[PDB]
Structure formats: structure tokens, C-alpha cells
Amino acid sequence: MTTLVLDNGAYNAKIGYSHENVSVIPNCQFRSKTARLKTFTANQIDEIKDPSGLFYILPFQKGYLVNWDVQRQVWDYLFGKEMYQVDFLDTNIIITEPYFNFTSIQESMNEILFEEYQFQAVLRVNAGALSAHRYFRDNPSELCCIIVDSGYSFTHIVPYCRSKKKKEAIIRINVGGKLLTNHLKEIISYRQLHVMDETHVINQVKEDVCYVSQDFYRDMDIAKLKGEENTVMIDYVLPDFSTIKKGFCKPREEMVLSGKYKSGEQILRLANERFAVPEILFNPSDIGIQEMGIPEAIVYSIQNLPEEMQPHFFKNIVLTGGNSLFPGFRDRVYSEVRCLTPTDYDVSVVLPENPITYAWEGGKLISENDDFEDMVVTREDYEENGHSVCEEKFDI
Amino acid sequence: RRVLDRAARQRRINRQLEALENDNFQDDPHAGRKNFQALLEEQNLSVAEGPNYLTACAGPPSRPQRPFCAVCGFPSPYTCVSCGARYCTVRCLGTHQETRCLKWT
Amino acid sequence: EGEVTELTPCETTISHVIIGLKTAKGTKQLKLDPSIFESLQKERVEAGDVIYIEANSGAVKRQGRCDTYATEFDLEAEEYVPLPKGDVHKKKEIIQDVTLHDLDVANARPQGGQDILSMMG
Amino acid sequence: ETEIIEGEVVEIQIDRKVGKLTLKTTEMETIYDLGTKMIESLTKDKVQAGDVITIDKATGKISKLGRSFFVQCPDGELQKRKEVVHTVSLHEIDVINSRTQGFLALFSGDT
Amino acid sequence: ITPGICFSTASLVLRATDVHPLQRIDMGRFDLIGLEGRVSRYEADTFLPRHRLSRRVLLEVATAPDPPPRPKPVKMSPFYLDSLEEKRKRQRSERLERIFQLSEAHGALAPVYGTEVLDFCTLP
Ligand SMILES: Nc1ncnc2c1ncn2[C@@H]1O[C@H](COP(=O)(O)OP(=O)(O)OP(O)(O)=S)[C@@H](O)[C@H]1O
Ligand SMILES: [Mg+2]
Ligand SMILES: [Zn+2]
Ligand SMILES: [Zn+2]
């Protein structure tokens, strides 16, 4: 009857019903030193009041599901009586998978979904396929599109035709939100104060203060200055979870140059990390990763494809994922791609209002279609043909 | 002063890059199944055997690497002789030598 | 005008030279008369160099290396120049005043010439 | 503004072109990765270990100002950004731009 | 043996006479002394007036297909874009017009003397 759309990401699971809204819930368990024997599951992290020193139990290592017990527990909580009360025997599930998912992981997914839960039908796709379907629904005149999925654990770039994914031109960049957060942790620990146990707070700081610079060396020169002219430098007050619940940035008028404050607030001063961290997406070699950045990879992926299709792909660059929410990300990507693109070809980069939920919206749209029943694999057909037909139907 | 061979520097760079993928830096507060490498070795994944995880990896960048100071992050004209780390000023060189040159404190 | 991304002479002698120039507003592929290859070789033009070519005369000036390559070595005796901002192909209609004396002195002595007498002159 | 590198040469290596150069001051020491043009410039002007030299980065202009064990080794930063001010007369501009190698006429008449 | 004199000047001084190509006209249309020893009276008077290209011939040759290969000696549209093609054909038209204008400009001048006159008048 009903259809469940799930984006089993390594950081956030986009789970919701086709007839309802979308919810963003962390897809990992939590443990804290304020609880002796208590493991938090999924959105229960809101209950804790001192997220400092939080321990993360992740089901994904390097963007692929490797820990099955925590993932099973998270799914049981999400599918349980508390969250959604999913009727497994009469529900279809659309669940996303990482690109080039290993054969073993696919077999385990099929077995778990068809036996441990006994879903009526399963449709396993890629988040980029849903994003491409949503984009083609929004723009019916476009025949080809390229999807940029800058997520938690990686950044893929995949070009899609009207009804097919070009597996030959798929390029993966091993830079994601996890890497950026860890790099910011390492920088802050090495420079000002040890925060390697404060993943949550450093992630919030990155989400709040970091931005993509249009002119890297101009910003570096501005940051190197001292005094009023150092407009890049800002002061951040870390949350102590006693009187300051959440971190915030001090107003510029309230800034003190000397760095000493009468209030005993633990103030973390970030000047060049504001744009150094986001720059790793565009220049992986900045930190030591000998891989091409996002714009060069987009250009390479397009230029691998035949010449006739290239102008269409250059016109339909789509930015999805959490890392795409950096200020100036779209402008920087457009500028670099325009610099690299042939002048006769127009370049258009589109950043949706909610890049997090793009794949979930695409899944909702594809569920409503009249071709939905042909895409899914049923349990009755699973009994006999499943193990072959799951690989056959799904274009992973 | 001592000099570190290419193997030591490459090992340090690989360790630093791998540490960025770590879930947590601390241990389990409770204090009392595979991994990615096991999955890769189980897949027996061979290069040029069709599109796969390895063939999807991004190639080397054309633009050269830009040096940044290992201490403060600003651009670094200088390269430390002992360990190959980049640095930009006498103060930064002293801090690097005290903190992370030779022995990894 | 722009940064050189490719410099490939096409053999039949050389029929033509295909060059790739990059700017902030895109990339353009140009086919050059084979006589321009000598000028390109004299100016020592390689990939990554920022050059300009006059369409009417074929003159080539290599105006430095692109500043994106400034970090390829820690110490080179190179002059690094920003990437040109406008289009690769630049057209300008100009009105310049010259005097008859300018044409007289332009035609009083020869210019260039690879002969030994011209060089000694 | 120009970038000027002044220090004492520690080791110079050239192999069949790539090369490395190690320079030191009294406060810091550094290894440089050399380009082809700087390798040619350092080969043309014989530079050996112990010489105190200054290099103009943009031009490769290397001038040896002595040897140290005679001039004391430089103290501060190895690479310094300096502001150089030149007052050039209109006559000097005219003579330099009059012909190729025309600056010679500033010293030998012949204008 | 003395070291040379190192004369240092402002880098801006060496660019005083330099003029950007977009800011100066082509002086090769008045180059008469450069034509001596290279251009003949035959080329200027008999050949070029007869065998100058026209826009019609240039367009016909450009539009026509490639010529058939020379015989060996014998011993005896879904992805089509209209705007892109319009831009490309406009560029081709501009290229052909430039080729015509440059060919006309580079053979407009006749030598003052010519190779034949100089050869005749040059004794051993
Ligand atoms: N406003 C923001 N600014 C910067 N980063 C942000 C922001 N909001 C979220 N993020 C980061 O975005 C990342 C999560 O992106 P997601 O799209 O949810 O990743 P994901 O879908 O789980 O990744 P995969 O590869 O598809 S499994 C996290 O690292 C967040 O810290
Ligand atoms: Mg995702
Ligand atoms: Zn520094
Ligand atoms: Zn060191």
C-alpha cells in the first residue's frame, strides 16, 4: 500500500513516507560518559545535554556499510513502533546504495530486506539516480544531466542520460564532510586547543563559520594582517553546555584584538581555517590527496563522454550533498568550470534550496509514477529468482 | 641533524591521511564484522576489469600542489630539511621542530 | 590571448599548428598557419605559458607563466603572470594618428631579417 | 616589490634537469626544489658550499657577497620581501628605450 | 680583470615604449623597404591582379566537400543544438572574412623596384 523512501547515508538517513514530509536523522548510534550503560540510537541524541566527548558508532566505513549490527538496530528503531510503525508485509521500500557497492554488501542487503523484514517489494537505487530523475522532472526539456554528490564520506560525479546512468564516466573524489571535519579538528588541536574529542562542536563550528573563498590568496593576505584590516578573523565562543547551550560567533563590534576577555569564555579564534577547510573540496592536494578537485573532475567526466553530448552535460551541472551548502560553493564551481570549459559551450550550475533532501524528493517522485511497480522486486518473485534479479534490475 | 628517508615521510603522510577517516579519536567510554580492506580483498577487484570502485578513483591533478605552513596554514616558501614539512617563518620552524620534527610528540 | 593548454604541430613538413588557449571566460581551439610555429619555437612557448598572438601578423609574445603554476617549484627564475580575464578572441576597433615622418622612418631602414648582414646591421 | 633570498649555501645537487638547493641563515635552514632556469643560473655563476649569496627570485640574479667560516651569515628570514625604489631620469628612459642594448649608451655616450 | 657594472632600473622603465597590439595599428601596410628582395614586379603587376581571391570563391571552396583523393601513379540528431551551430557558422563566416581581408592586405602593396629590376641592374 504505502511506500517508504530511505536514503541510508553514512551521516544522515533521509527516511519518510511517500505521502508525508521528509525527516533528517543521524544514521549512527551515540554513547556518552554521562551515561554508564546507555546506548543512544538514531535521533535519541537530542536527549543528551552535554554532547562533549560524544562517542560515535557508525555503520559506514569509507562510505560503505561495514558494521551490520548498528545498522540493523538503527533500522529497527526507525521501522519500530516509536518512529514510523512500518507494516513490512504491505509496504514497498526505496533504499539508496553507495555507487559500485560490493557484491557481498548487495547480497546482505537483499537477504536482510527480504527475509529479516519480509518487505513486499524492494527498489535499491543510487541517490544520484533519484536526483537525476527529480531534475528531469523539474526540467522536461533536458536530455542529459550531471550530478555532483558532495556528501559525508566522499564526493561522486555521475552523468545521467534520460533513462540510463553512464557507469563508464563515474568519478569518485575521496573528500567528504567527515574528512573536512576531521581536518578542522586536527588543525584546531595543533594550533590553539585540543578538540579531538569534540567532533560535534567542531562540526557545528565548520557549518557555522566556514565558507568558500572566491580569491584564495587575497583572503590569505587579508587574514595575515593584524588589526582592523583583518576582516576575515572572527571570534567563536564554544558551548560549555552549562550557560551557553550552543556555539555562536561574537559580533564584530564586540571583538577584542588583544584576545583576553574578562568573561572566562573558552574562545576559539579562526582566521584562515574559514576557507582553508572548504578549499580541500576544490584542491585535494592542499592537504595531501593526489586527486583532482570538484571542477576539474566535472570537466574530466564530461570530456570522457562523447563530443555530441558534452554541451548538454555542461548546461546541467547539479550540486547535491551537505558540503554543497558552503557559502560561495556554487559561484566557485561555476567560475572554475567556466574557466576550464570551451567558450562555445554555455555552463549552468544549479544549487537546489535543500540539497540534503534532493534524493528523497526524487524517490518520492519516482514512487508516484505508474512505472513504479515494474522497477521493484517482489518477495514472491524473490523466493525463486531473487538473487539474480536483484542484481539484474538494480543498476548499481 | 638527522634525515628521514622517503619511506618514513610517505608513511607519515599516509598515516595522517588515514587518520582523517577515523570515526573517533578516543576509546569506547564503555570499555567493554569486517573492515574496508577486508571487503576490498574479498572482492578480488582487478584493474581494467570494467567499471568498479578502483577505476572510479580521481586521477592526479594537473595544477601543482600549493605549499602551506604546517603550523599556521599561511603559504610557506620553506621546506624543512629533516622531515620535509613546509614552513613559513623562524618562529614556525622552531615550533615545528619542537612539536613534530623527528620524533612525533 | 590566454594560457596555452596544448601545442601540437600537425605533420603532412607541418601543415598547421593546433593551439589551445584558456581564459577566465572559457577555452578556444585555434588553427595556426605553419609559419607561426617558428615564432612559437623562438619564444619558447610550452603548455602552461600565457601568450598572445596577433591575428593579422602572426606575432607571438610569451608574456610569462600562469600564476596557477607558481608553486610547481620552490625556486625558479620565472615571471608569473595572471590568467587573462576576457575572452580568448579579442576584437578592438581603434583609430590611431600617425604622421608622414613615422612612415618615412619606418621605411628608411629594414626591420628584422635573419641574414647575417641584417643581424650585423 | 621583489622577493630576495639571502643565505649561506649548504648543499647544491644537480642531476641529469632537476636539482635541490639547501640554504641556511643563523636562525633557520631550508631546502629548495630548483627549476631549470635557476639551475642554469646557479651553474653559470659558480656556487659552492659555504658561499654567502643573494638571489633575485624572479630573475635568477645571483651575486656572491663572500664566503663564510669573509662575511657573516645572514641572521633573519631567508626569503625577504623588499620594497625597492628607483629614481630614473627621463634621459635614462629615452636612452634605454632608444634601441636594443641601448642602456650601454648611458655609460659610453653614443646616444 | 674587474666585475661588470650592474645597472639596476625600475621594471616599469623597460616597458615604456611597449604598446599593446589592441592599441596600435598594423604598420606593415606601409612597409616598402621590407618588400625589396622578396616581392617582384611580376607578382605585383601580372599575377596578383589576375589571381586575387574573391569572397565568392573563398566561400565556395570552404563550403564544398573535401576533394577526392589523388589517384596513384600508373605506368602508362537528438543532441543537436541550433544555437551552438549558429554560433559555429558565424565563427566560420568571420574566419573566412578575416582570411579574405588579410590576403588582400598582404598583397596590396607593389614594390618600389622589384626583384627583376634589382637583378638586372646588379653587376657582378
Ligand atoms: N550548513 C552546512 N555547512 C557545511 N557542512 C554542512 C552543513 N550542513 C551539513 N553539512 C555536512 O554535510 C554532511 C552530511 O551530508 P549528507 O548529504 O547528509 O551526506 P550523506 O548523504 O550521508 O553521504 P553519502 O555519501 O551519500 S553516504 C556532514 O558532514 C555535515 O556536517
Ligand atoms: Mg547522500
Ligand atoms: Zn607559519
Ligand atoms: Zn622538520
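Residues numbered from 1 in each chain as written, not as in the entry; some residues may be left out. Chains lettered and ligands numbered in written order. Part of a larger assembly, values for the part shown. Heavy atoms only, no water.

1. Brief notes about the overall build of chain B
So, point 1. The helix and strand inventory of chain B stands at three helices and two strands.
So, point 2. Written out in order from the N terminus, the α and β elements of chain B read α-α-β-β-α.
So, point 3. Relative to a compact globule of 105 residues, whose C-alpha radius of gyration would be 13 Å, chain B shows 19 Å and is clearly more extended.
So, point 4. Taken along its principal axes, the extent of the C-alpha atoms in chain B is 50 × 45 × 25 Å.
So, point 5. For chain B, the proportion of its 105 residues judged to be buried stands at 37%.
So, point 6. Accessible area of chain B: about 6,500 Å², with a carbon and sulfur share of 51%.
So, point 7. For chain B, the separation between the mean place of its 15 positive charges and that of its 10 negative charges on side chains is 16 Å. (Helix = DSSP H or I, 4+ residues; strand = E, 2+ residues; numbered from the N terminus. Rg over C-alpha atoms; globule rule 2.2 N^0.38 Å. Buried < 20%, exposed > 50% of the residue type's maximum accessible area, 1.4 Å probe, protein only. Areas by Shrake-Rupley, 256 points an atom, 1.4 Å probe, with all protein chains shown as cover. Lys, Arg positive; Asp, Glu negative; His and termini not counted. Charge placed at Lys NZ, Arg CZ, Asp CG, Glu CD.)

2. Focus: the overall build of chain A
So, point 1. Helices and strands together make up the secondary structure of chain A, namely 13 helices and 19 strands.
So, point 2. Its C-alpha atoms give chain A a radius of gyration of 23 Å, near enough to 21 Å, the size a compact globule of 396 residues would have.
So, point 3. Overall, chain A is about 75 × 65 × 35 Å in size when its C-alpha atoms are taken along their principal axes.
So, point 4. Out of the 396 residues belonging to chain A, those deemed buried represent 61%.
So, point 5. Considering only residue pairs separated by 6 or more positions, chain A has 65% of its internal contacts joining residues 24 or more positions apart.
So, point 6. In the structure as shown, chain A presents an accessible area of about 16,800 Å², 46% of it carried by carbon and sulfur atoms.
So, point 7. Separation between the mean location of the 40 positive side-chain charges and that of the 59 negative ones in chain A comes to 7 Å. (Contact = heavy atoms within 4.5 Å.)

3. Digging into the packing of helix 2 (residues 55-63) of chain E against helix 3 (residues 82-106) of chain E
All names here are of chain E.
So, point 1. Here helix 2 crosses helix 3 at 135°, and the two axes come no closer than 10 Å. Classified by the angle between their axes, helix 2 and helix 3 sit oblique to one another. Crossing of helix 2 against helix 3: the hand is right-handed. For the pair formed by helix 2 and helix 3, the contact residues are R55, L58, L59, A62 and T63 on the first element and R92, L96, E97, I99, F100 and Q101 on the second. (Axes fitted to C-alpha atoms, helices over the stretch in contact; angles between N-to-C directions. Parallel < 35°, antiparallel > 145°, perpendicular 65-115°, else oblique. Left-handed = near helix turned anticlockwise from the far one by under 90°.)

4. Observations regarding the packing of helix 2 (residues 103-116) of chain A against helix 13 (residues 379-393) of chain A
All names here are of chain A.
So, point 1. Here helix 2 crosses helix 13 at 175°, and the two axes come no closer than 11 Å. The angle between the axes of helix 2 and helix 13 places the two elements in the roughly antiparallel class. Here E107, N110, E111, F114 and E115 of helix 2 come into contact with helix 13, specifically with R379, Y382, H387 and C390.
So, point 2. Taken together, the residues of the contact of helix 2 with helix 13 break down into three nonpolar, two polar and four charged. (Nonpolar A, V, L, I, M, F, W, Y, C, P; charged D, E, K, R; others polar.)

5. A closer look at the site of ligand 1
Residue and element names in this part refer to chain A.
So, point 1. Around ligand 1, a shell composed of 20 residues is seen, among which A10, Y152, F154, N203 and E207 lie nearest.
So, point 2. The separation between an oxygen atom of ligand 1 and a polar main-chain atom of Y11 is 3.2 Å.
So, point 3. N203 has a polar side-chain atom sitting 2.9 Å from an oxygen atom of ligand 1.
So, point 4. Relative to its unbound accessible surface of 670 Å², ligand 1 loses 90% to contact with the protein.
So, point 5. Those elements that provide at least two residues to the shell around ligand 1 are strand 2 (12-17) and helix 5 (199-209).
So, point 6. Considering each element in turn, the shell around ligand 1 owes the most residues, three residues, to helix 5.
So, point 7. Taken together, the residues of the shell around ligand 1 sort by class into seven nonpolar, nine polar and four charged. (Near = heavy atom within 4 Å. Polar contact = N/O pair within 3.5 Å; in protein donor to acceptor, adjacent residues only side chain to side chain.)

6. Focus on the interface of chain B and chain A
So, point 1. Across the boundary between the two partners, chain B contributes 46 residues, which contact 57 residues of chain A.
So, point 2. Approximately 4,900 Å² of surface area, both sides summed, lies buried where chain B meets chain A, with 54% of it carried by carbon and sulfur atoms.
So, point 3. Remark: the boundary between chain B and chain A carries seven salt bridges.
So, point 4. Among the ionic pairs, A:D286 bridges to B:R66, the shortest N-O distance being 2.6 Å.
So, point 5. Summed over the shared surface of chain B and chain A, the result is 26 residue pairs in polar contact.
So, point 6. Of all the secondary structure elements, the ones that give two or more residues to the side of chain B that touches chain A are helix 1 (6-19), helix 2 (36-43) and helix 3 (90-99) of chain B.
So, point 7. The dominant element in the side of chain B that touches chain A, judged by the number of residues it contributes, is helix 2 of chain B, at five residues.
So, point 8. Partitioning the side of chain B that touches chain A into residue classes produces 21 nonpolar, 14 polar and 11 charged. (Buried area = accessible area lost by both parts, 1.4 Å probe. Salt bridge = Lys/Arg side-chain N within 4 Å of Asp/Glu carboxyl O.)

7. Remarks on the nonpolar core
Residue and element names in this part refer to chain A.
So, point 1. Counting 75 residues, the largest nonpolar core has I298, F329 and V333 as its most contacted members.
So, point 2. When residues no more than four places from it in sequence are discounted, the contact partners of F329 are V212, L281, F282, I294, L319, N323 and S324.
So, point 3. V5, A42, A132 and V158 belong to the second largest nonpolar core, which has 69 residues in total. (Core = buried A, V, L, I, M, F, W, Y, C linked by side-chain atoms within 4.5 Å.)

8. What to know about the coordination of the zinc ion (ligand 4)
Residues and elements named next belong to chain B.
So, point 1. Those donors, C80 (SG), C83 (SG), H96 (NE2) and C101 (SG), are the protein atoms that reach the zinc ion (ligand 4), and they lie 2.1 to 2.3 Å from it.
So, point 2. Around the zinc ion (ligand 4), the four donor atoms are arranged such that angles at the metal cover 84 to 116°; this shape is classified as irregular.
So, point 3. Here the donor residues of the zinc ion (ligand 4) are spaced in sequence according to C-x2-C-x12-H-x4-C. A residue pair is termed long-range when its members are at least 10 positions apart, and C80 in the loop between strand 1 (78-79) and strand 2 (86-87) and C101 in the segment after helix 3 qualify at 21 residues.
So, point 4. Taking relative accessible area as the criterion, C80 reaches 4% and is therefore assigned buried.
So, point 5. Classification of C101 as buried rests on a relative accessible area of 2%. (Donors = N, O, S within 2.8 Å, 3.2 Å for Na, K, Ca; no water. Tetrahedral: all angles 85-135°; square planar, octahedral: opposite > 155°, others 65-115°.)

9. Focus on a negative patch on the surface
So, point 1. A cluster of like negative charges, contributed by A:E107, A:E111, A:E115, A:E116, A:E391, A:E392, B:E41 and B:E42, occupies part of the molecular surface.
So, point 2. Those elements giving two or more residues to the negative patch turn out to be helix 2 and helix 13 of chain A together with helix 2 of chain B.
So, point 3. Looking at the negative patch element by element, the count peaks at four residues for helix 2 of chain A.
So, point 4. Tracing the chain through its elements places A:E391 in helix 13. (Patch = residues over 30% accessible without salt bridge, like charges linked within 9 Å, V, L, I, M, F, W, Y side chains within 5 Å.)

10. Brief notes about the interface of chain D and chain B
So, point 1. Between chain D and chain B, the contact holds 10 residues from the first and 10 residues from the second.
So, point 2. Between chain D and chain B, a total of about 840 Å² is buried, with carbon and sulfur atoms accounting for 59% of that surface.
So, point 3. For the pair chain D and chain B, the number of links is zero salt bridges.
So, point 4. At the junction of chain D with chain B, the criterion picks out six residue pairs in polar contact.
So, point 5. Here the residues of the side of chain D that touches chain B sort into four nonpolar, three polar and three charged.

11. Some details on the sheet that holds strand 4 (residues 29-31) of chain A
So, point 1. Strands sit in the order 5-4-6 (chain A) across an open sheet of three strands; the sheet is antiparallel. With partners counted over all chains shown, the strands left at the sheet margins are strand 5 (40-41) and strand 6 (55-57) of chain A, one partner each. (Pairing = 2+ DSSP bridges.)

12. Examining a positive patch on the surface
So, point 1. Where like charges cluster on the molecular surface, the positive patch consists of C:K31, E:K89, E:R92 and E:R95.
So, point 2. It is helix 3 of chain E that provides the largest number of residues to the positive patch, a total of three residues.
So, point 3. With respect to the helices and strands, E:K89 occurs in helix 3.
So, point 4. On the accessibility criterion, E:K89 (44% relative accessible area) is partly exposed.

13. With respect to helix 3 of chain B
So, point 1. Every buried residue of helix 3 of chain B is listed here: B:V90, B:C92, B:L93 and B:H96. Looking down the long axis of helix 3 of chain B, one finds its buried residues gathered within 160° of arc, a one-sided arrangement. Residues B:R91 and B:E98 are exposed on helix 3 of chain B and point more than 90 degrees away from its buried face.
So, point 2. Buried residues in helix 3 of chain B make contact with helix 4 (177-191) of chain A, strand 2 of chain B together with strand 3 (29-34) of chain D. (Arc of directions from axis to C-beta.)

14. Remarks on the pairing of strand 2 of chain A
All names here are of chain A.
So, point 1. Among the six residues of strand 2, six are classified as buried, and the element is accordingly described as predominantly covered.
So, point 2. In strand 2, alternate side chains face the same way, and those of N12, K14 and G16 on one face and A13, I15 and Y17 on the other are all buried.
So, point 3. One ladder, built from five bridges, connects strand 1 (residues 2-8) with strand 2; its direction is antiparallel. Within strand 2, the position partnered with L6 by the bridge is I15.

15. A closer look at the UniProt feature "binding site: Zn(2+) 2" in chain B
Residue and element names in this part refer to chain B.
So, point 1. Here the UniProt-annotated "binding site: Zn(2+) 2" positions come out as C80, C83, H96 and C101. In three dimensions, the annotated residues from a span of 22 residues occupy one location, with a maximal C-alpha spread of 10.1 Å.
So, point 2. For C83, the position within the fold is in the loop between strand 1 and strand 2. (UniProt positions renumbered as here; feature names shortened; annotations may be inferred.)

16. Focus: the side chain of A:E336
So, point 1. Looking at where A:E336 falls in the secondary structure, it is placed in helix 10 (residues 329-340).
So, point 2. With near-sequence residues (within four places) excluded, A:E336 lies in contact with A:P295 and B:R63.

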